[PDB]
Each structure stands twice: as C-alpha cells, then as structure tokens.
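See below for the structure under consideration.
The numbers here are math on the coordinates, done by the rules we state, and not lab data. Please note: Cβ atoms are built from the backbone with ideal geometry, for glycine as well, and neighbour counts cover all protein chains shown.
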Amino acid sequence: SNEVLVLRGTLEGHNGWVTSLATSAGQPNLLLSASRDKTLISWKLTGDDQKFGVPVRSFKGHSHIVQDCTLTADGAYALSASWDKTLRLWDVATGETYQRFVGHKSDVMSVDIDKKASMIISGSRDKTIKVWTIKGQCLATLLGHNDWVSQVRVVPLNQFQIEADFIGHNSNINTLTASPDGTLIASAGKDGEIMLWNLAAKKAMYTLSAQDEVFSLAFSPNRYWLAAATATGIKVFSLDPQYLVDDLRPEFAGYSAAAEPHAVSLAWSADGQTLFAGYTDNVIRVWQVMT
Amino acid sequence: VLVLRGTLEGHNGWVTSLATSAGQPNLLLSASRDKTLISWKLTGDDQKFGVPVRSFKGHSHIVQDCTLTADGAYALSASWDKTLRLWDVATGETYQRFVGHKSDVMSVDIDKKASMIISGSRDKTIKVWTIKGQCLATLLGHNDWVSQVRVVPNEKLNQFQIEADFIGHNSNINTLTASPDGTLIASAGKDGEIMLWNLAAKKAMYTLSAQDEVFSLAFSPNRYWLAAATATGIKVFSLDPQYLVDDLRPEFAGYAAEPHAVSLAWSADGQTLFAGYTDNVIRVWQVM
C-alpha cells in the first residue's frame, strides 16, 4: 500500500541551470535557489497551479556561477558558494550582502552552517574544506585524500573543536548529503553507485544503484527516503524498507528523447511533503506527496 | 627534589627530542641534529647511566622529533628533510617512509591503536598518515591558533574520524605538549609565557611565567608537574598547588653562553627526567 509523488507545477525565473535549492523550517513558504546565471532567487510559495511559486527577490553580486546555497533555520540569512571562488552571506529580506568570504582558490562547490550560526563550512572543487567565522575569517583549512569523502563538523571565539569524519569511497564523485538527523550519509559513485553509510554506527549499510550518473542527493526530513537526481529522472528510494518509491521523469514536450533536460539539484520541504528539483532547462519543478 | 644522576653522551649534535616507552622502562630513544636517532640501554649506573645500543642513520638532515610505540618496538621520527621514518627499534632499519610535507617536519605522534600517524610541520601544517605511508588528511589552522589533532579510535581501514581542537594563543611559538591523560595542554608563548589549557573543560587555567625563552615542555605521567626547558635551565612547576618545584641547571666546568636543554621526556613512571642538550649530551635527573 503505496504513496506517490505528483508533479505539482513549476517555478521559472532563472536564466541558467538551477544548481542548488534551499528550504527553511521557520519559513515553509520560502524557497531559495541558485543558478549558473550568477544569481540566487528567493521564492514566495503559494501552492497554486501551475504557478506553484513566484520570484520575490534577486540576489546579485557573484561574478560567476553560483553552485550551492543554504538558508539559516529561520530563513533570515542565506549562504552561497560560487565559481568566483567566493562565498556570500545574504540578507534574505533585503537581498544585499553582509559578508564576502574570500580565500578558496578552486571553484566553491558547497556551503553549510553549524546550527549555532557561528561558523560556516565550505567546500571546494579540488575537495578543500574551509571553516569560516560568520565575520568572514578563515580559521581552518582541511584537505582529505581523493579516494575519501568527509563530513566536517563544528562542535559547540577563543577556541573550537572540529570533528571530521572520513569515509573510504574509491569511485566517489564528491557528491554528498547527510541525513536530516545527520545520522546517515549518502555518497554517489560512478555509474550511479550510491553508497550509504551509518555515521553513528560507523559502518556502511549498502550500496544502491540509481543506475545512472548521479547529480544530486537529498534525504527526506520526515520519511526514510533518499531522492537522487539522475540524468534520466529523479529516483526516490525507500531506505527501510527498501523499495524504489518512484521515478520522477517529467515530460519535455519540446525536446527529443535525447536532448532532455535533467535535474541537478534537489531539496525537500521542511515537512518532507514537497520535493523541489532544479533543472538543466533553468526551471524548478515541484512534486508533492499524495496517497 | 630532582637529583642529577648521570649523562648519556653519544650524539654529535643537539639532542632535539627524547622518547620513552612504558612497555620497556630501560629503553630510551633520542634524535639529534647529527641526522641520527639513538636507542639506549638504561642501567641506572653512575654517570654511565645509559649506553648506546643502535644508530638509526637514514635522514639526510636534522631529526627534530621522535616517538616510541607503547611497546617500544617501533620508533617514529620527523626530519628537516621533510620526511618521517618508521623504524624497527630492535634492528634499526626503516619499514616505511612518509613523504609529502614541504616544510621541515617538527613533530610526530601515534594514535593509541598504532593505526595512524599525526605529523606537524614548521609551517604549522598537520598531516594524518596511514601506517602504510599514505597521507589521508592535511590540516592547516590559523597562525594565532594552536591545535591538538587526535585520531578517534573506531572502537568498533576504510573509515576514520579526526577531532581537531583549536585554541587561540596570540603570542604562541608553536611549542606544545599534552597531559598524558589528554586532559591538559601546555602552550608556549614569548618571553617564556606558558599558557595552560583545560581541554575536557574547554577553557584556560592560567599562564605560567618562565622569564626565559622556552624550548620544550613535558607534563608528569604521575605527579601534577610540568617541566619546561629554558635557555637558562629546566623549570619544573607544580600545577596544584602552583610553585616552582625545582630549577635544574647542571654543572659545567671552567669560567658567557652555556649549553641549554632543548628536549624533555619523563620516564613512564614519572621518576626520571631526561633532557637533551645544546652540547650533544643527554642529562638525567631522578626524583628523591
């Protein structure tokens, strides 16, 4: 007896690939997206059809691709990673920058915040990790081995412990996500390999095959599901118990079976009831869970 | 009190580092600017305290730090040749090489499990290695911060985690030691400042003034003491209560600048203090 993901509409406004989506718990009606068009967009979500949402504010300043973005728990502040080797801290409401973070020398690929909002963990394309103060000061710079993936963390300035978990994963293509409770971590390999790893228990669990080159991963914050953006569609796996819940492929009426856009970013709703996917065609598509 | 018991004079350069083994009380290891390490047979005899037994000569420059496994079977050394070597203590031959540092290598430690090696560069870079010689992580803090990287014990190689503690210490000169029970850490600043820090309690304790440029620190394995090698001799502080237990300045002959200690090491049982000197000699105090 099964649930289902149902295509809800769409969200246009970007000119380039939608490379990252971000959600906020304090603001369920707010979505943040980053794009190769060098901007981020904040979205007012109405839940209508098909205008699921509508642009609110454009965030400009990055001189090149924005690869990653994230929101504070309250939705008040956004963080972005760019190919201009910079990170910016944004005022969500006013769309202006409060802090540049300079120092990475490879394209910047990921960003996260420690719950305390005190510090920022960023990730480079060469796999270099930097830990910053909210004031834009780089405190530590960490670089693991190529055949390893990691989870850099900041335990709760005169001082700070940082715990870094390393996990051997030979084929890894450096595409990671941590489970809501940060108890699980999914790591994408070659040919669609997705290795799952238990952090609290310190061992792998199994390896899934999304069967095609994985571009993005995102755990459900409510259910035991992992969504994987594939060149071929979005696969949503049930983790316990293991089944493949659904394979979200939209129709692209205007495209040939070959040149079909694909999802390159994923994000679940604060209530894990909505799945956002950013696409190779500049569009954000939205599924909802039904029965 | 500390009483000067003898001497160990086999080196041809500064004795830069001493190492002790719990599983082998009569074994001492030392490194020198003469590019070698020496293993020593300790007799306790009179000023023939110890006698050279081996001579590890693989490095092509100053060996700066060394350490022994808990059992005394294996030694690790750090060199200005930007390398680290793993040694068989008994046979004196290398079993693996650690290349990758590009600044002089200043410190080495082993995680209790013997699985991995933490090394420290002069440019304050920290590298975590597999016993097989493979660098797994490379970490570099801010200059005004000092750091104790630890390998977490899986507690059960594909997986491994590292907790790195950072402590603000502006004046710091990157001379650092940890309490045996990893609860405490002493960090040397300028003009002899020694900041003490409680790790388990995440905050400073106080700052001890040595009034003399420090070169080496070593906490006591049993007693709450911190020894500090100074340009004027070796200060041994009691930490609770705080007083200067002793200031060990040995006897040179004749009648300006005098040889000073640049390395320290307590025996496993805290009863003996070894200090390596600017005059190629290792001197030995015992508690009475």
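Of the numbered conditions (1) out of contact with any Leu (no Cβ under 8 Å at 6 or more places or on another chain); (2) among the hydroxyl-bearing types (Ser, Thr, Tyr); (3) farther than 26 Å from B:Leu18 by Cβ, B:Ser121 satisfies every one except a single condition; which is it?
Of (1) out of contact with any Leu (no Cβ under 8 Å at 6 or more places or on another chain); (2) among the hydroxyl-bearing types (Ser, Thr, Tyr); (3) farther than 26 Å from B:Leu18 by Cβ, only one is false for B:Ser121: (3).
Could you list, in sequence order, the residues of the range B:202-242 that are assigned to a loop (DSSP other than H, G, I, E, B) and away from chain A (no Cβ under 14 Å)? Walk me through it before giving the result.
Initially, the range B:202-242 is screened for residues assigned to a loop (DSSP other than H, G, I, E, B), giving B:202, B:210-213, B:220-224, B:232, B:240-241.
Scanning the range B:202-242 gives B:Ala210, B:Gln211, B:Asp212, B:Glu213, B:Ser220, B:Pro221, B:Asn222, B:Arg223, B:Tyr224, B:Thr232, B:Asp240, B:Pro241.
Among residues belonging to the range B:191-201 that are of a type outside the set (D, E, K, R) and outside any strand (DSSP E or B), point out the one that is nearest to B:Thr16 (Cα to Cα).
Applying the filter and picking the extreme gives B:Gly192.
Looking at B:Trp225, B:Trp197, can you tell me which residue is within 25 Å of B:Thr125 (Cβ to Cβ) and of a type in the set (A, V, I, L, M, F, W, C)?
Working: B:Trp225 fails: within 25 Å of B:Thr125 (Cβ to Cβ).
Selected residue: B:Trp197, the only one of B:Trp225, B:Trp197 that is within 25 Å of B:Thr125 (Cβ to Cβ) and of a type in the set (A, V, I, L, M, F, W, C).
Just checking, how many residues over the range B:71-116 are in a loop (DSSP other than H, G, I, E, B) and not β-branched (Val, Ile, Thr)?
Total meeting the criteria: 19.
Between a residue in the range A:256-282 that is aromatic (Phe, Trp, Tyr) and any residue that is assigned to a loop (DSSP other than H, G, I, E, B), which pairs come within a Cβ distance under 6 Å, given they are 6 or more apart or on different chains?
As it stands, the answer is A:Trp268/A:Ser220; A:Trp268/A:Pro221; A:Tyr279/A:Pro261, since those pairs meet every condition given.
Restricting to the range A:243-263, what's the tally of residues that are in a strand (DSSP E or B) and loosely packed, with under 12 Cβ neighbours inside 10 Å?
Residues in the range A:243-263 being in a strand (DSSP E or B) and loosely packed, with under 12 Cβ neighbours inside 10 Å: 1 in total.
List the number of the failed condition for A:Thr230; all other conditions in (1) among the β-branched types (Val, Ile, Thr); (2) farther than 23 Å from A:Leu71 by Cα; (3) touching a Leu at 6+ places or on another chain (Cβ under 6 Å) hold.
(3)
Scan the range A:74-102 for residues that are over 19 Å from A:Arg57 (Cα atoms) and either crowded, with 16+ Cβ neighbours inside 10 Å or under 18 Å from the mean Cα position of the chain (by Cα) (or both) and jot them down.
Hits for the range A:74-102 are A:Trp83, A:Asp84, A:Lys85, A:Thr86, A:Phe101.
Looking at the range B:1-50 only, could you name the residues that are among the acidic types (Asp, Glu) and closer than 23 Å to B:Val214 by Cβ?
Those that are among the acidic types (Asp, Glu) and closer than 23 Å to B:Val214 by Cβ: none in the range B:1-50.
Name every residue in the range A:175-230 that is of a type in the set (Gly, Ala, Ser) and surrounded by fewer than 17 Cβ atoms within 10 Å (Cβ to Cβ), in order of residue number.
Matches in the range A:175-230: A:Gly182, A:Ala200, A:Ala201, A:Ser209.
Being surrounded by fewer than 19 Cβ atoms within 10 Å (Cβ to Cβ), in contact with a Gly (Cβ under 9 Å, 6 or more places away or on another chain) and not in a loop (DSSP other than H, G, I, E, B) is the requirement here; does B:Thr16 meet it?
Details: surrounded by fewer than 19 Cβ atoms within 10 Å (Cβ to Cβ): no; in contact with a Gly (Cβ under 9 Å, 6 or more places away or on another chain): yes; not in a loop (DSSP other than H, G, I, E, B): yes.
Answer is no for this residue.
Can you pull out the residues in the range A:161-172 that are among the β-branched types (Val, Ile, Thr) and touching a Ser or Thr at 6+ places or on another chain (Cβ under 9 Å)? Walk me through it before giving the result.
Going through the range A:161-172, the residues among the β-branched types (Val, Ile, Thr) turn out to be A:162, A:167.
Matches in the range A:161-172: A:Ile167 only.
Take the residues in the range A:138-169 that are closer than 24 Å to A:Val264 by Cβ and assigned to a loop (DSSP other than H, G, I, E, B); name whichever of them is farthest from the other protein chains (Cβ to nearest Cβ).
Ranking the candidates gives A:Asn146 first.
What do you reckon, is A:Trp43 part of a strand (DSSP E or B) and more than 22 Å from A:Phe219 (Cα to Cα)?
No: the conditions fail for A:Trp43.
Can you name the number of the only condition in (1) under 21 Å from B:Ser187 (Cβ atoms); (2) within 11 Å of chain A (Cβ to nearest Cβ); (3) assigned to a loop (DSSP other than H, G, I, E, B) that B:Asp123 fails?
(2)
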